[PDB]
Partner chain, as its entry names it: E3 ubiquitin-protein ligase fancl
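The chain that follows stands alone, in the form solved without its partner chain, written as structure tokens.
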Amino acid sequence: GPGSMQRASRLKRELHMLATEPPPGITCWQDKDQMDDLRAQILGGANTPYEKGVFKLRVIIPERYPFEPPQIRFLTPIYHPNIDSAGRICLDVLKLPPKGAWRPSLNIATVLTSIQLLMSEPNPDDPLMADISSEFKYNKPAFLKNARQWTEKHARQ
């Protein structure tokens, strides 16, 4: 219908802009005949324990996009207060109001930017991983050692 048509048109424009002018350290692309099962990559940030990490994500675009948020998870394991061992991300822009902050004026590029930012600026007070969040808050040098080790093990070919 015109709904599916407007979503298809929007995804094509988003994927074009991601192919031509992506955000710094952020890429997202089609690798299948599906436009709604996408791959993304975030480079670890300077001066973070994820530096020199290359992080792979799955980006699923639901049928109701852009009125439902993209479903994004890390394929690359990452050691982080707000990302779990299944790669699920606790982030406001990936959930609907009133709890979350997804809105149709956001887009794939901006939510991947928000995930990049979460990697630099964790929310240890709203932890998805209690023990990592406690290490982040009360034993910061141990958190940095462990996060850098995980990066070297998982995020560095």
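Positions refer to the first chain, counted from 1.
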item: 54-62 versus 122-130 - which carries the larger mean C-alpha B factor in the record; value: 122-130
item: Average Cα temperature factor in the PDB entry - higher stretch of 105-113, 92-100; value: 92-100
item: Third of chain Cα B-factors occupied by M35; value: highest
item: Cα B factor band for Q41 (lowest, middle or highest third within the chain); value: lowest
item: Third of the chain's Cα B-factor distribution that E21 belongs to, per the entry; value: highest
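Form solved in complex with its partner chain: not shown, discussed below.
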query: Full three-residue contact with its partner chain in the deposited complex, heavy atom 4.5 Å, for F67, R103 and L106; finding: yes
query: Exercise: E14 in contact with its partner chain in the deposited complex, heavy atom 4.5 Å; finding: yes
query: Its partner chain contact at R10 in the deposited complex, heavy atom, 4.5 Å; finding: yes
query: Among 112-120, 86-94, 58-66, 127-135, the region lying within 4.5 Å of its partner chain in the deposited complex by heavy atom distance; finding: 58-66
